[PDB]
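> Please find one structure pasted underneath; my questions will follow.
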Amino acid sequence: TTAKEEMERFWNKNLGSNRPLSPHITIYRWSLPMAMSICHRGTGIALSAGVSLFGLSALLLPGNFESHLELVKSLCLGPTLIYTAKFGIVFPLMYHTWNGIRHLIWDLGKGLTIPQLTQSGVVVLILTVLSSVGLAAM
Amino acid sequence: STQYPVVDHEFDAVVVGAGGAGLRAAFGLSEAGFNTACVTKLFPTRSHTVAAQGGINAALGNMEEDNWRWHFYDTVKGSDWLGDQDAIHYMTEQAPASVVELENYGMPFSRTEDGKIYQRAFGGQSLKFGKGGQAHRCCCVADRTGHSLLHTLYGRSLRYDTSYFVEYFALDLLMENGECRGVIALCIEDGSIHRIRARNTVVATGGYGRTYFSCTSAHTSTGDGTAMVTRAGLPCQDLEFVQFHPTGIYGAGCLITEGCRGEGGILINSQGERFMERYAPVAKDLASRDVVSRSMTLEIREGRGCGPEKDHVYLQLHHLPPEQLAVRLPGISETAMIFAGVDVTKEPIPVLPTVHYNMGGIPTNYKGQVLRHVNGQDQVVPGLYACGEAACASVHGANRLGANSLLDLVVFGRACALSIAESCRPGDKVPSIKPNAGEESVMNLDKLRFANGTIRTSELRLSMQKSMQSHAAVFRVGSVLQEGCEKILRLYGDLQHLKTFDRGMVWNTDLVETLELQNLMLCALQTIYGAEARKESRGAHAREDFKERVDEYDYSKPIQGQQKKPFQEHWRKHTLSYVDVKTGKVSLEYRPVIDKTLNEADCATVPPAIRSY
Amino acid sequence: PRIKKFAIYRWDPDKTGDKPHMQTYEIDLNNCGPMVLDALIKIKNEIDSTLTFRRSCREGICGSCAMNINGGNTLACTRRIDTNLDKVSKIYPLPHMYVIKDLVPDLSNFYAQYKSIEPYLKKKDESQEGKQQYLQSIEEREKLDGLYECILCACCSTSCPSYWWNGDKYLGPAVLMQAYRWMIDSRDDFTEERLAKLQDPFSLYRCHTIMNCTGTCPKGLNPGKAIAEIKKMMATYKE
Amino acid sequence: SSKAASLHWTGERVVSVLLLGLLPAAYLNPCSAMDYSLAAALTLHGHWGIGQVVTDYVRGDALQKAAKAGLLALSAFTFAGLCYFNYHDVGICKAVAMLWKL
Ligand SMILES: *Cc1cc2c(cc1C)nc1c(=O)[nH]c(=O)nc-1n2C[C@H](O)[C@H](O)[C@H](O)COP(=O)(O)OP(=O)(O)OC[C@H]1O[C@@H](n2cnc3c(N)ncnc32)[C@H](O)[C@@H]1O
Ligand code: HEM
Ligand SMILES: Cc1ccccc1C(=O)Nc1cccc(OC(C)C)c1
Ligand code: SF4
Ligand code: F3S
Ligand code: FES
């Protein structure tokens with residue numbers, strides 16, 4: 001028997017049987033590096049959903065951008081309620097931006113030990129809040 | 001009958017066991033062009049050669065310069081002259097040829113300045129025929145040698161068209177009129193019974209260390225091929241000879257390598273004295289195992305023990321440089337940190353002489369052929385081979401040398417391959433077996449599955465283990481051995497009273513451990529009765545009542561005027577044991593030791609001499 | 001007297017309709033060894049001989065007793081019971097894997113993947129082999145450190161999120177680390193074509209450096225790091 | 001023998017150092033030429049993002065091409081719209097500016 005012939009036999013036995021899949025995420029321990037990777041996907045998806053909604057609306061919806069802003073302006077927008085709507089757009093961006101560097105550092109090969117992963121994980125989490133609050137006030 | 005699906009297979013040669021020796025015998029056959037099958041209860045990596053730490057002996061001469069003819073003298077000495085010199089000759093010459101074979105397979109051997117395989121000092125090995133000081137010929141992949149050995153063999157084995165029955169517990173051998181036809185086996189996955197017939201059968205099932213309460217060996221060291229052979233009515237050699245490794249953790253019995261003593265590790269008692277100086281002046285703490293374990297156990301009798309129970313001893317590694325301790329011995333650095341909780345660089349390791357290697361097993365030709373005893377003479381069992389720990393060509397003899405087993409594995413594994421490739425051809429007529437055969441192998445299996453007795457399986461196991469541990473240990477006497485014999489014999493009758501709880505097919509470990517039990521008891525009975533029968537002190541088997549090296553002559557004085565003893569008077573002979581399966585009573589006879597070499601000119605016979613270091 | 005609680009995943013394939021449930025067992029710690037394997041053996045030997053599991057070395061060099069204890073994938077003979085008495089220790093079979101019988105998972109796919117990466121020394125000459133030893137300097141030997149020790153416990157790949165969803169086509173850390181192990185071996189000649197084995201988006205490129213493999217290794221190895229080195233070799237290598 | 005997954009993997013990192021470089025470059029140097037190069041890097045890096053998500057979760061063969069086809073539609077439509085916004089409107093630099101300062 002060859003290598004990839006044994007793989008064919010594996011599925012053609014298990015799929016046509018009464019064998020259950022062992023609980024995966026149902027019981028598996030939560031960890032920071034894993035939660036930070038889940039978030040990086042969520043932020044990625046959320047941002048592309050935003051950018052695509054900006055591109056599609058540029059073609060499909062009529063009326064210029066200045067008129068769209070005056071629709072927002074004439075909603076008697078709140079003092080901090082405008083800051084919160086702003087902050088909730090910087091927070092997803094700045095997390096994915098900073099952690100984007102952390103993923104990029106791993107591509108060179110640096111900081112791949114367990115302590116370095118946990119250290120830079122907090123560093124990304126912290127530098128985000130600063131760049132989020134800092135920009136929403138700018 | 002009719003319950004189990006009888007599935008038959010057709011092959012050229014079958015290998016039972018996928019660890020080291022078995023693995024080497026397997027692909028070596030496919031290399032020759034044989035339709036080879038390999039039956040194993042474990043996944044080949046989960047075999048027990050993986051646990052090996054010390055290394056593998058080969059006279060390559062990379063450290064200084066060596067001669068394989070010196071490696072012969074050392075093994076034939078350590079064997080306490082029970083060793084068959086025809087096998088030792090073949091092994092010591094094939095040694096560099098089998099190791100360079102492994103390095104060329106990809107075994108990541110530790111390296112030197114030249115870029116050559118790193119050898120190192122080990123228990124009882126000497127240059128210039130035991131005259132030129134300590135020898136350094138133990139090749140090693142830094143403390144995880146048997147791990148690399150098993151991996152690089154297995155890795156190289158996928159390069160051939162061998163069939164592997166992974167997790168298939170071999171029940172009994174297939175036998176028809178003195179000849180072996182293959183093996184009957186139980187699938188652990190679905191529970192179906194498979195009969196695998198072939199022209200030849202190699203047996204490499206390893207030792208039966210699980211006969212004792214305290215051992216270094218894995219939970220799956222149950223000497224099954226040893227039992228398979230005895231159920232066929234075939235003899236078993238040197239079974240009373242059991243190696244007690246001096247260094248094993250006080251807890252579960254985890255092995256710390258003898259490479260500790262080989263690199264610079266020193267063994268210390270309660271008073272603080274290096275107790276391996278008054279016992280052994282020349283070789284000292286790096287002497288033979290039957291001298292070190294003999295000393296350690298005897299030191300506890302004095303009351304010079306260590307710990308809250310006064311039963312264990314210490315091994316110093318504190319003084320060693322951290323520079324080489326983390327490099328040469330990182331595997332024991334981690335495993336002594338877990339079970340003992342001991343900083344390997346600052347604090348000494350707690351050790352204890354525990355059961356380790358099985359010197360005896362299945363009587364084996366120097367070419368790997370299984371032997372039987374007919375009319376005082378030797379006889380080849382047709383279509384049957386054995387290599388490794390389960391085998392007893394008795395290349396190790398009364399006491400095995402440090403790191404000589406992994407050699408016994410590869411060399412005799414290769415031998416088992418060559419001797420099949422030379423004697424017969426692949427595609428030759430596979431002998432037909434009776435459609436009714438393997439009849440009571442099913443009956444034995446089916447009774448153990450349905451067992452509705454009174455005595456629990458685990459509770460009968462520990463009864464054997466403690467009865468062996470106390471009665472037949474390092475030191476043993478005819479008073480305690482006699483009691484132990486009738487203790488084990490009466491226990492064999494208790495096997496018909498056992499209670500099993502699992503009534504299932506898929507992965508019935510409850511059933512396979514009971515099959516392990518039956519295969520352990522048979523290995524236990526012959527060991528205990530063999531110990532009682534032998535009334536001398538030769539290597540590992542030490543008698544406090546018969547502390548005598550009983551040879552043909554007294555080899556201290558020159559043999560000239562002395563008259564020779566008859567065969568049934570001296571003890572320099574192999575113990576051959578049989579067991580009747582129903583009654584359980586052990587009938588045992590004897591056969592002579594091979595003292596001739598392969599070629600006298602190329603390698604001279606070494607006569608019996610003084611036994612000390 | 002000192003009691004500890006264990007909750008274990010149970011599934012019997014013999015009784016039809018028997019859906020996976022949990023069963024509790026209680027054992028005194030003074031009568032038991034420190035490790036989880038000692039506990040499993042004790043309830044196997046005394047309380048219920050219907051519990052099934054793979055075990056061998058009890059030394060932490062097989063990968064037999066590899067399971068999910070308390071949310072993590074390690075060895076049962078290496079990891080010790082939490083002496084905390086009130087808390088119940090949960091033991092499960094390795095995650096997202098087909099269960100043959102309770103705690104015993106099917107590894108046929110896992111082993112077959114290790115076969116497909118060709119884990120043996122390959123040369124141009126097979127004629128001059130077996131007779132002379134290959135030369136390798138201590139530095140070239142040092143590059144194998146932290147890679148040869150892998151025991152194939154499969155705690156690694158069974159913890160990888162990509163290996164869960166893509167168990168079929170993606171190899172996983174353990175297997176990939178070994179593929180790397182044969183690349184940096186100075187003796188090996190087939191390094192360039194070993195990399196060519198992974199030119200599809202699934203073989204290697206499902207690893208997004210999530211990093212659960214290294215954080216679960218019972219032997220302390222760093223497979224994730226090795227994957228990044230493969231990636232590095234994949235973009236740099238010549239021809 | 002061709003190495004498609006090798007060169008593609010490098011490309012993602014090349015746009016990643018471009019996109020990371022462009023964000024401060026858009027702030028410090030806000031221009032018309034910056035607006036288009038930003039929209040290109042945004043949509044491309046995003047297209048090679050969801051492309052990886054599809055290959056991960058989307059199980060199937062006929063399904064696999066459908067999601068990839070549909071993803072290319074939105075990717076093209078997003079990039080077309082962002083180009084249209086840069087030509088016939090204010091520009092994405094000023095879009096943020098008028099959104100932030102006002
Ligand atoms: C116990 C031990 C031994 C040891 C060592 C450390 C320990 C803890 N370190 C060594 C070292 O550093 N250097 C050295 O030279 N030797 C060392 N040893 C001794 C040596 O490793 C052993 O002699 C060796 O492991 C024996 O190997 P063998 O080829 O005889 O086979 P195995 O490894 O014991 O594995 C047994 C195989 O047989 C199959 N099997 C057994 N029963 C069945 C049944 N019922 N049905 C089907 N298959 C069966 C198993 O599958 C297994 O593969
Ligand atoms: C300039 C800062 C950014 C950098 C450096 C960056 C880089 C990265 C990296 C390294 C990944 C993960 C790839 C991996 O290593 O596995 C990723 C994911 C992703 N990015 Fe960004 N990114 C940035 C901002 C953005 C922006 C502005 C968008 C636009 C929507 C975006 C869209 C996405 C998407 C959709 C993913 C999904 C890939 C995944 O999570 O598997 N990113 N990015
Ligand atoms: C495939 C992938 C790539 C990058 C980042 C995350 C994932 C992913 O799906 N992980 C995943 C998905 C669901 C649950 C989960 O566990 C949590 C319960 C800890 C992990
Ligand atoms: S690299 Fe470590 S965690 Fe992965 S399979 Fe090997 S021993 Fe297990
Ligand atoms: S858990 Fe994972 S996706 Fe990569 S870093 Fe390890 S294989
Ligand atoms: S049994 Fe060998 S790893 Fe636990």
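In the structure tokens, each chain is lettered A, B, ... as it comes, each chain's residues begin at 1, and ligands are numbered from 1 in order of appearance.
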Residues of chain D no more than 10 Å from chain A, counting only C-alpha atoms: send them over as a VMD selection string.

chain D and resid 10 13 16 to 17 19 to 20 23 39 42 to 43 45 to 47 49 to 50 53 74 to 85 88 to 91 95 98 to 102

> Find the nearest atom pair between each residue of chain C and ligand 4 for residues within 7 Å, count only C-alpha atoms and all ligand atoms, give distances in Å to one decimal, sort rows by chain and ascending number, and present the table as CSV.


residue,atom,partner,partner_atom_place_in_ligand_line,distance
C:149,CA,ligand 4,7 (S),6.9
C:150,CA,ligand 4,6 (Fe),3.6
C:151,CA,ligand 4,7 (S),4.3
C:152,CA,ligand 4,5 (S),3.7
C:153,CA,ligand 4,8 (Fe),4.0
C:154,CA,ligand 4,5 (S),4.3
C:155,CA,ligand 4,3 (S),4.9
C:156,CA,ligand 4,4 (Fe),3.9
C:157,CA,ligand 4,4 (Fe),6.7
C:173,CA,ligand 4,4 (Fe),6.5
C:174,CA,ligand 4,4 (Fe),4.2
C:177,CA,ligand 4,1 (S),6.8
C:213,CA,ligand 4,3 (S),6.3
C:214,CA,ligand 4,3 (S),6.8
C:216,CA,ligand 4,3 (S),6.3
C:217,CA,ligand 4,3 (S),3.6
C:218,CA,ligand 4,3 (S),5.8
C:219,CA,ligand 4,7 (S),5.4
C:220,CA,ligand 4,2 (Fe),6.6
C:221,CA,ligand 4,2 (Fe),5.3
C:222,CA,ligand 4,1 (S),6.8
C:223,CA,ligand 4,1 (S),5.6

> When the cut-off is 6 Å and we count only C-alpha atoms, which residues of chain C are near chain B, given as an mmCIF file with N, CA, C and O atoms, in the first residue's frame?


data_model
loop_
_atom_site.group_PDB
_atom_site.id
_atom_site.type_symbol
_atom_site.label_atom_id
_atom_site.label_comp_id
_atom_site.auth_asym_id
_atom_site.auth_seq_id
_atom_site.Cartn_x
_atom_site.Cartn_y
_atom_site.Cartn_z
ATOM 1 N N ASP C 14 -20.289 -1.248 21.107
ATOM 2 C CA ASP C 14 -20.980 -2.539 21.087
ATOM 3 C C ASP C 14 -22.487 -2.404 21.321
ATOM 4 O O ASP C 14 -23.285 -2.978 20.577
ATOM 5 N N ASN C 45 -8.036 -0.917 36.945
ATOM 6 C CA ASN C 45 -7.675 -2.127 37.684
ATOM 7 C C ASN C 45 -8.611 -2.489 38.834
ATOM 8 O O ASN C 45 -8.740 -3.664 39.177
ATOM 9 N N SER C 49 -13.166 -2.290 34.828
ATOM 10 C CA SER C 49 -12.329 -2.787 33.740
ATOM 11 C C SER C 49 -13.114 -2.806 32.424
ATOM 12 O O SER C 49 -13.260 -3.846 31.777
ATOM 13 N N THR C 50 -13.631 -1.636 32.057
ATOM 14 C CA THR C 50 -14.328 -1.424 30.790
ATOM 15 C C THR C 50 -13.790 -0.130 30.174
ATOM 16 O O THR C 50 -14.082 0.199 29.020
ATOM 17 N N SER C 56 1.787 2.648 27.369
ATOM 18 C CA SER C 56 2.974 1.810 27.213
ATOM 19 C C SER C 56 4.112 2.178 28.169
ATOM 20 O O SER C 56 4.289 1.525 29.196
ATOM 21 N N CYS C 57 4.863 3.227 27.833
ATOM 22 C CA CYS C 57 6.146 3.516 28.484
ATOM 23 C C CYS C 57 6.058 4.121 29.879
ATOM 24 O O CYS C 57 7.014 4.019 30.652
ATOM 25 N N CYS C 62 6.405 7.840 24.138
ATOM 26 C CA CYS C 62 5.674 7.012 23.172
ATOM 27 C C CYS C 62 4.667 7.829 22.382
ATOM 28 O O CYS C 62 4.684 7.826 21.152
ATOM 29 N N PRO C 119 9.998 10.493 5.330
ATOM 30 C CA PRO C 119 10.893 10.743 6.454
ATOM 31 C C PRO C 119 12.085 9.784 6.518
ATOM 32 O O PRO C 119 12.194 8.981 7.448
ATOM 33 N N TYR C 120 12.966 9.881 5.528
ATOM 34 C CA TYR C 120 14.183 9.074 5.473
ATOM 35 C C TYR C 120 15.261 9.815 4.700
ATOM 36 O O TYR C 120 14.956 10.684 3.883
ATOM 37 N N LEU C 121 16.520 9.479 4.966
ATOM 38 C CA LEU C 121 17.638 10.114 4.280
ATOM 39 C C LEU C 121 17.652 9.663 2.827
ATOM 40 O O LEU C 121 17.683 8.463 2.539
ATOM 41 N N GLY C 130 26.094 2.291 3.394
ATOM 42 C CA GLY C 130 26.167 1.141 4.290
ATOM 43 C C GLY C 130 27.578 0.767 4.701
ATOM 44 O O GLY C 130 27.769 0.090 5.712
ATOM 45 N N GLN C 133 30.670 5.795 7.048
ATOM 46 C CA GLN C 133 29.842 6.752 7.780
ATOM 47 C C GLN C 133 29.886 8.138 7.139
ATOM 48 O O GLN C 133 30.949 8.612 6.738
ATOM 49 N N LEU C 135 29.872 12.137 7.051
ATOM 50 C CA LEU C 135 30.441 13.158 7.923
ATOM 51 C C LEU C 135 29.433 14.270 8.189
ATOM 52 O O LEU C 135 28.670 14.657 7.301
ATOM 53 N N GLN C 136 29.438 14.767 9.423
ATOM 54 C CA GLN C 136 28.535 15.828 9.856
ATOM 55 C C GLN C 136 29.166 16.565 11.038
ATOM 56 O O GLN C 136 29.401 15.970 12.091
ATOM 57 N N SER C 137 29.452 17.853 10.852
ATOM 58 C CA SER C 137 30.053 18.667 11.910
ATOM 59 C C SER C 137 29.051 18.926 13.032
ATOM 60 O O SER C 137 27.838 18.870 12.815
ATOM 61 N N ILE C 138 29.568 19.204 14.227
ATOM 62 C CA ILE C 138 28.733 19.412 15.417
ATOM 63 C C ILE C 138 27.686 20.518 15.243
ATOM 64 O O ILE C 138 26.584 20.417 15.785
#

> Set the cut-off to 6 Å and count only C-alpha atoms: what are the residues of chain C that reach chain D? Output as a list in words.

residues 199, 200, 201, 234 and 235 of chain C

> Neighbours of ligand 6 at 6 Å or closer, counting only C-alpha atoms and all ligand atoms: which residues, as a VMD selection string?

chain C and resid 55 to 65 75 to 77

> Can you work out which residues from chain A touch chain B at a cut-off of 12 Å (counting only C-alpha atoms) and hand them back as a list in words?

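The answer, sorted by residue number, is residues 1, 2, 3, 6, 13 and 19 of chain A.
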
> Considering only C-alpha atoms, return as number ranges by chain whatever protein or nucleic-acid residues lie within 10 Å of residue A:31, sequence-local ones (same chain, fewer than 3 positions apart) excluded.

A: 28, 34-36; C: 211-212, 215

> Could you write out the selected residues, including C-alpha atoms, as a short mmCIF file (atom, residue, chain, number, x, y, z; two decimals), in the first residue's frame?


data_model
loop_
_atom_site.label_atom_id
_atom_site.label_comp_id
_atom_site.auth_asym_id
_atom_site.auth_seq_id
_atom_site.Cartn_x
_atom_site.Cartn_y
_atom_site.Cartn_z
CA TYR A 28 -10.92 22.94 24.74
CA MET A 34 -5.95 31.64 20.05
CA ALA A 35 -8.43 34.35 21.08
CA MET A 36 -6.12 36.96 19.51
CA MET C 211 0.12 28.87 17.74
CA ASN C 212 -1.66 26.18 19.76
CA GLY C 215 1.78 25.79 23.63
#

> At what distance in Å, to one decimal, does atom 9 (C, counted along the ligand's line) of ligand 2 lie from atom CA of residue D:86?

25.7 Å

> Fewer than 2 positions away in the same chain doesn't count, so skip those; otherwise give me all residues within 7 Å of residue B:236, counting only C-alpha atoms, as a list in words.

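So, after excluding close chain neighbours, the residues are residues 230, 234, 238, 239, 361, 362, 363, 576, 577 and 578 of chain B.
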
> Quick one: write out the picked residues with N, CA, C and O atoms as a tab-separated table (two decimals), in the first residue's frame?


chain	number	residue	atom	x	y	z
B	230	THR	N	6.18	-21.76	23.97
B	230	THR	CA	5.99	-22.78	25.01
B	230	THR	C	4.64	-23.50	24.88
B	230	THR	O	4.52	-24.67	25.28
B	234	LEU	N	7.62	-26.15	22.46
B	234	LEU	CA	9.02	-25.88	22.18
B	234	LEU	C	9.72	-25.30	23.41
B	234	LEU	O	9.08	-24.65	24.23
B	238	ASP	N	17.41	-20.28	29.21
B	238	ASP	CA	17.97	-19.36	30.21
B	238	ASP	C	16.97	-18.38	30.85
B	238	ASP	O	17.31	-17.22	31.09
B	239	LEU	N	15.77	-18.87	31.15
B	239	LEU	CA	14.70	-17.99	31.62
B	239	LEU	C	14.88	-17.41	33.02
B	239	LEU	O	14.36	-16.33	33.31
B	361	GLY	N	14.96	-16.58	26.80
B	361	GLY	CA	13.85	-16.48	25.86
B	361	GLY	C	13.74	-17.74	25.02
B	361	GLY	O	13.66	-18.84	25.55
B	362	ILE	N	13.74	-17.55	23.70
B	362	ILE	CA	13.57	-18.66	22.75
B	362	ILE	C	14.94	-19.07	22.19
B	362	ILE	O	15.65	-18.24	21.62
B	363	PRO	N	15.32	-20.36	22.35
B	363	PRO	CA	16.60	-20.88	21.88
B	363	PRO	C	16.80	-20.60	20.40
B	363	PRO	O	15.97	-20.98	19.57
B	576	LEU	N	16.96	-25.33	29.53
B	576	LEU	CA	15.84	-25.48	28.60
B	576	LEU	C	14.60	-25.95	29.35
B	576	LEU	O	14.60	-27.02	29.96
B	577	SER	N	13.55	-25.14	29.30
B	577	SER	CA	12.33	-25.43	30.04
B	577	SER	C	11.12	-25.61	29.12
B	577	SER	O	11.00	-24.96	28.08
B	578	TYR	N	10.24	-26.52	29.53
B	578	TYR	CA	8.96	-26.73	28.89
B	578	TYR	C	7.88	-26.61	29.96
B	578	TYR	O	8.16	-26.74	31.15

> In terms of the shortest atom-to-atom distance over only C-alpha atoms and all ligand atoms, which of D:66, D:25, D:54, D:96 is closest to ligand 3?

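When distances to ligand 3 are compared using only C-alpha atoms and all ligand atoms, the smallest one comes from D:54.
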
> Near residue B:207, within 12 Å and counting only C-alpha atoms, which residues show up once chain neighbours fewer than 5 positions away are dropped, as a ChimeraX atom specification?

/B:17,19,47-49,212,215-227,239,241-243,355-362,387-392,405,519-520,523-524

> When the cut-off is 10 Å and we count only C-alpha atoms, which residues of chain A are near chain C, given as a short mmCIF file (atom, residue, chain, number, x, y, z; two decimals) with N, CA and C atoms, in the first residue's frame?


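selection-v6.cif, freshly written:
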data_model
loop_
_atom_site.label_atom_id
_atom_site.label_comp_id
_atom_site.auth_asym_id
_atom_site.auth_seq_id
_atom_site.Cartn_x
_atom_site.Cartn_y
_atom_site.Cartn_z
N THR A 2 0.39 2.28 -0.74
CA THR A 2 1.07 3.58 -0.81
C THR A 2 0.55 4.52 0.28
N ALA A 3 1.14 5.72 0.35
CA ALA A 3 0.80 6.70 1.37
C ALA A 3 -0.62 7.23 1.23
N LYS A 4 -0.93 7.77 0.05
CA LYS A 4 -2.23 8.41 -0.21
C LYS A 4 -3.35 7.41 -0.49
N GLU A 5 -3.00 6.13 -0.54
CA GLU A 5 -3.98 5.05 -0.64
C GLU A 5 -4.54 4.73 0.75
N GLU A 6 -3.70 4.90 1.77
CA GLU A 6 -4.10 4.70 3.16
C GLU A 6 -5.05 5.81 3.63
N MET A 7 -4.91 6.98 3.02
CA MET A 7 -5.77 8.13 3.31
C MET A 7 -7.18 7.92 2.75
N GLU A 8 -7.26 7.34 1.55
CA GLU A 8 -8.54 6.97 0.93
C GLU A 8 -9.33 5.98 1.80
N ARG A 9 -8.61 5.02 2.39
CA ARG A 9 -9.20 3.98 3.23
C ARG A 9 -9.69 4.53 4.57
N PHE A 10 -9.01 5.56 5.07
CA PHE A 10 -9.35 6.20 6.34
C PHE A 10 -10.76 6.79 6.33
N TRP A 11 -11.08 7.54 5.28
CA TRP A 11 -12.37 8.21 5.16
C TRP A 11 -13.49 7.25 4.77
N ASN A 14 -14.50 5.65 8.14
CA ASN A 14 -15.06 6.50 9.18
C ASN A 14 -16.35 7.22 8.80
N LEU A 15 -16.40 7.75 7.58
CA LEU A 15 -17.57 8.48 7.09
C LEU A 15 -18.81 7.59 7.00
N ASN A 18 -20.59 4.65 12.49
CA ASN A 18 -21.25 5.28 13.63
C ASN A 18 -20.28 5.92 14.62
N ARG A 19 -19.08 6.26 14.14
CA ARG A 19 -18.05 6.89 14.97
C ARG A 19 -18.29 8.39 15.13
N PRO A 20 -18.33 8.88 16.39
CA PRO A 20 -18.54 10.30 16.64
C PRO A 20 -17.24 11.10 16.70
N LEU A 21 -17.30 12.36 16.28
CA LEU A 21 -16.16 13.27 16.41
C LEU A 21 -16.00 13.71 17.85
N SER A 22 -14.78 13.58 18.37
CA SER A 22 -14.46 14.00 19.73
C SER A 22 -14.69 15.50 19.90
N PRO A 23 -15.23 15.91 21.06
CA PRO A 23 -15.48 17.33 21.31
C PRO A 23 -14.22 18.17 21.15
N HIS A 24 -14.29 19.16 20.26
CA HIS A 24 -13.15 20.02 19.94
C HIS A 24 -13.20 21.32 20.76
N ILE A 25 -13.85 22.35 20.22
CA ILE A 25 -13.98 23.63 20.93
C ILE A 25 -14.99 23.56 22.07
N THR A 26 -15.84 22.53 22.04
CA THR A 26 -16.86 22.29 23.06
C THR A 26 -16.26 22.23 24.48
N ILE A 27 -15.01 21.80 24.58
CA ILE A 27 -14.34 21.64 25.88
C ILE A 27 -12.89 22.15 25.95
N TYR A 28 -12.33 22.53 24.80
CA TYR A 28 -10.92 22.94 24.74
C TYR A 28 -10.64 24.27 25.45
N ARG A 29 -9.55 24.29 26.22
CA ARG A 29 -9.14 25.47 26.99
C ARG A 29 -8.95 26.73 26.15
N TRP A 30 -9.49 27.84 26.65
CA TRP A 30 -9.29 29.14 26.02
C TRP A 30 -7.89 29.64 26.31
N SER A 31 -7.25 30.19 25.28
CA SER A 31 -5.92 30.77 25.42
C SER A 31 -5.85 32.11 24.70
N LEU A 32 -4.95 32.98 25.17
CA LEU A 32 -4.76 34.31 24.59
C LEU A 32 -4.32 34.30 23.12
N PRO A 33 -3.30 33.49 22.76
CA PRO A 33 -2.86 33.46 21.36
C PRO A 33 -3.96 33.02 20.39
N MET A 34 -4.85 32.15 20.86
CA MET A 34 -5.95 31.64 20.05
C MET A 34 -7.06 32.68 19.92
N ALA A 35 -7.42 33.30 21.05
CA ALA A 35 -8.43 34.35 21.08
C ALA A 35 -7.99 35.56 20.26
N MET A 36 -6.69 35.85 20.29
CA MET A 36 -6.12 36.96 19.51
C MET A 36 -6.06 36.67 18.01
N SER A 37 -6.08 35.40 17.64
CA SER A 37 -6.10 35.01 16.24
C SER A 37 -7.53 35.01 15.71
N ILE A 38 -8.48 34.61 16.56
CA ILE A 38 -9.91 34.68 16.24
C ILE A 38 -10.31 36.13 15.98
N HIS A 103 2.03 39.51 13.25
CA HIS A 103 2.01 38.41 12.29
C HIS A 103 3.16 38.53 11.30
N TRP A 106 6.54 37.45 12.74
CA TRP A 106 6.61 35.99 12.72
C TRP A 106 7.05 35.45 11.36
N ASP A 107 6.74 36.19 10.30
CA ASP A 107 7.12 35.82 8.94
C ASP A 107 8.64 35.89 8.73
N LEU A 108 9.28 36.85 9.38
CA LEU A 108 10.74 36.92 9.41
C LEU A 108 11.30 35.81 10.28
N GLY A 109 10.56 35.45 11.32
CA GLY A 109 10.94 34.36 12.22
C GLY A 109 11.17 34.79 13.66
N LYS A 110 11.20 36.10 13.88
CA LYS A 110 11.45 36.67 15.21
C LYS A 110 10.28 36.49 16.17
N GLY A 111 10.60 36.39 17.46
CA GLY A 111 9.60 36.39 18.54
C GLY A 111 8.63 35.23 18.55
N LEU A 112 9.11 34.05 18.17
CA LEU A 112 8.24 32.88 18.03
C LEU A 112 8.24 31.91 19.22
N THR A 113 8.97 32.26 20.28
CA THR A 113 8.94 31.48 21.53
C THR A 113 7.62 31.72 22.26
N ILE A 114 7.33 30.89 23.26
CA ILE A 114 6.11 31.03 24.06
C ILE A 114 6.05 32.34 24.86
N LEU A 117 5.55 35.37 22.52
CA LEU A 117 4.19 35.37 21.98
C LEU A 117 3.21 35.98 22.98
#

> Atom 42 (N, counted along the ligand's line) of ligand 1 and atom CA of residue B:168 are how many Å apart?

8.8 Å

> Within 12 Å of stretch 428-437 of chain B, counting only C-alpha atoms, which residues show up once you throw out same-chain ones fewer than 3 positions away? Write them as a PyMOL selection string, please.

chain B and resi 1+6-14+34-35+172-177+179-184+194-201+382-383+420-421+423-425+440-443

> Find the residues near stretch 541-547 of chain B: any atom within 9 Å, counting only C-alpha atoms, skip ones fewer than 6 places away on the same chain, and give them as a PyMOL selection string.

chain B and resi 240-243+290+294+398-399+473-478+531+534-535
